[PDB]
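Asker: once you've seen the sequence and the experimental structure below, I've got questions.
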Amino acid sequence: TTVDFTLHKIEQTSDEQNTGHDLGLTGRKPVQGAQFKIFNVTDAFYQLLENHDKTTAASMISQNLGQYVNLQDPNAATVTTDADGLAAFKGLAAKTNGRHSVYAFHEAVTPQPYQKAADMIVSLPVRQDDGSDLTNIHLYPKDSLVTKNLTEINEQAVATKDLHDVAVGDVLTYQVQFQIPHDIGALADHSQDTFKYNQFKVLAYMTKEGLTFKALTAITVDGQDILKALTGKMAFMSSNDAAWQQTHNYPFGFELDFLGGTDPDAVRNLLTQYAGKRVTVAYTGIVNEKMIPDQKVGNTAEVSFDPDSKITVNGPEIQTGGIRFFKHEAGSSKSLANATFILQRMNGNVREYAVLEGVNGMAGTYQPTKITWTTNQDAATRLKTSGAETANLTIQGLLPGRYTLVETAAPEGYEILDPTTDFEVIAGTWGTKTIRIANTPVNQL
């Protein structure tokens, strides 16, 4: 007599069981391209069963399957999940050497950006509220999705999306969610003293200049803050440290390893308490003067447990606005230096004026570290034009929206023509055109 195993590979995004029956239209998301191997573990299971009870025997095999079977086995039948997450092992022996057969299921390959489902075993038979046994046994393995996201801007929450308009000086809270393996505390297969896992590296980075690393806000799992307990027992590094430029050359980022630090055994035990559960690693970065327009910068995140393999996920991109002006003489393209402006906006029937930080010495181009807005007009930063050729006043790090450039003082020898120049900042770009501004020469005597 024979038996079938239908697998229903599903996505997991939270903390979470196999009745053996079909659960029908569950309304959950499938996972295609996950290879599972099958192993008959009957003999090895029953040899364990002499000393240990059934739950203990199963636990023992769940961790360290490669101890009890050969995982790199050509003989072992492999099945890959299809577009609906379906995969079936057909035609297995319901009994093996006089006992009801016990089969194990190892996820051999696990697609991006998913962590593997636990190694599960099934001891036959599975029976119902009438004593009849199943012929086809439905299993619902769970691949935990690795995510990355931008969650807060200046400590305020924001609607999740793939492209965020920022302002220079903004603090951006990013997050990386991922699973703690169910076999984290396990020892290596065929080893008494060495551990299975000896690396648990999370590596976030931008390949472009926009951000500057601030901090590592929190680490949370099961609604518990871990970081406070963790810090000093794990290897940590940001792009602010000189160690970063040796191992990487990414402009921004950080690399945390739980099992790469001073006290890896201590952490492994803590990690085991929440084994299987999903952690979240929050970190902040600040938008610097090197964040420019016509630029979309995301970060990536590389979760890994060895140098050989890694799970890579991408978060949302960020861009910021800029604008150029060309202050000229009326009826020519002669550049006019030392024309004085201030930047204005409305804030609901109320006028505000821009104050720029980190802006001294700068004349033509302005590349501030922050911008704030005051109703006291005399406190606004007075902008000066250069003698530059195609554009002699540029400003960056603005949010998209509507502004007004207000000429406070014309350059000497000239009178103001258009005192108030209304203009729109376009999302993530320098804008449609460089905005020309004429000035009338007064032929003085």
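Answerer: Happy to help now that I have it. Residues are numbered from 1 along each chain as shown.

Asker: what is the strand or helix carrying residue 313 packed up against?
Answerer: Following DSSP states H and E, the helix or strand that holds residue 313 is strand 311-314. Under the contact definition 3 or more C-beta pairs under 8 Å, 6 or more residues apart in numbering; DSSP states H and E, strand 311-314 sits against strand 147-153, strand 300-304. All C-beta spots, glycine's among them, are computed from the backbone N, C-alpha and C.

Asker: paired strands for that strand, with orientation please.
Answerer: Next to strand 311-314 in the sheet, as set by DSSP bridges, lie strand 300-304 (antiparallel).

Asker: off-centre distance for the strand it pairs with?
Answerer: How far strand 300-304 lies from its chain's middle: 8 Å, per C-alpha atoms, centre = their mean, to the nearest Å.

Asker: how about stretch 111-125?
Answerer: The answer for stretch 111-125 is 25 Å, by C-alpha atoms, centre = their mean.

Asker: backbone phi and psi for residue 378, please?
Answerer: Backbone geometry at residue 378, expressed as degrees, to the nearest 10, gives phi -60, psi -20.

Asker: is it true that residue 271 lies in a helix?
Answerer: Yes: counting by DSSP: H, G, I helix; E, B strand; the rest coil, residue 271 is found in a helix.

Asker: let me know whether it touches residue 258 as I believe.
Answerer: Yes: contact status for residue 271 versus residue 258: in contact at 6.5 Å, counting by C-beta atoms under 8 Å.

Asker: how many residues are close by residue 301?
Answerer: 25 (other C-beta atoms under 10 Å).

Asker: any idea what it is bridged to?
Answerer: Legend: beta-bridge partners of residue 301 under DSSP bridges are residue 204, residue 313.

Asker: I figured it was touching residue 149, is that so?
Answerer: No: Residue 301 is beyond contact range of residue 149, at 10.3 Å (criterion: C-beta under 8 Å).

Asker: where do the contact lists of those two overlap?
Answerer: Between them, residue 301 and residue 149 have residue 315 as joint contacts when contacts are counted by C-beta atoms under 8 Å, 6 or more residues apart in numbering.

Asker: what segments of this structure are helices?
Answerer: 42-51, 54-62, 65-68, 227-230, 244-247, 264-273 (DSSP state H).

Asker: need the contact partners of stretch 71-91.
Answerer: 2, 4-10, 30-39, 65, 69-70, 103, 106, 108-109.

Asker: kindly recompute the last result at 6 Å.
Answerer: By C-beta atoms under 6 Å, 6 or more residues apart in numbering, the residues outside stretch 71-91 that reach it are 2, 4-9, 30-32, 34-38.

Asker: sort out for me which of these are in strands.
Answerer: 2, 4, 5, 6, 7, 8, 35, 36, 37, 38 (DSSP state E).

Asker: partner residues bridging the last one?
Answerer: In other words, residue 38. residue 105.

Asker: from residue 55, how far out is it?
Answerer: Distance, residue 38 to residue 55, using C-beta to C-beta, to the nearest Å: 22 Å.

Asker: ok, the fifth one next?
Answerer: To residue 55, residue 7 is 23 Å away according to C-beta to C-beta.

Asker: please apply the same query to the third one.
Answerer: Residue 5 sits 21 Å away from residue 55, going by C-beta to C-beta.

Asker: now swap in the fourth one and tell me
Answerer: Noted for residue 6: a distance of 25 Å to residue 55, by C-beta to C-beta.

Asker: which one of those two has more residues nearby?
Answerer: residue 6 (15 against 8).

Asker: need the contact list for that one.
Answerer: Here residue 6 is in contact with 88, 136, 138 (C-beta under 6 Å, 6+ apart).

Asker: the strands in the stretch 201-350 of the chain, which residues?
Answerer: 201-206, 211-221, 224-225, 252-257, 278-287, 300-304, 311-314, 317-319, 321-329, 340-346 (DSSP state E, counting those that start in this stretch).

Asker: and stretch 308-327, how far out from the chain middle?
Answerer: 13 Å.

Asker: likewise stretch 430-445?
Answerer: Using C-alpha atoms, centre = their mean, the offset of stretch 430-445 from its chain centre is 46 Å.

Asker: what's the spacing between the residue nearest the centre of the chain and residue 332?
Answerer: Nearest to the centroid of the C-alpha atoms of the chain, with distances taken as C-alpha atoms, centre = their mean, sits residue 148, at 2.2 Å. According to C-beta to C-beta, residue 148 and residue 332 sit 52 Å apart.

Asker: how about residue 25?
Answerer: On the measure of C-beta to C-beta, residue 25 and residue 332 end up 73 Å apart.

Asker: so for these two, which sits in the more crowded spot?
Answerer: residue 332 (10 against 5).
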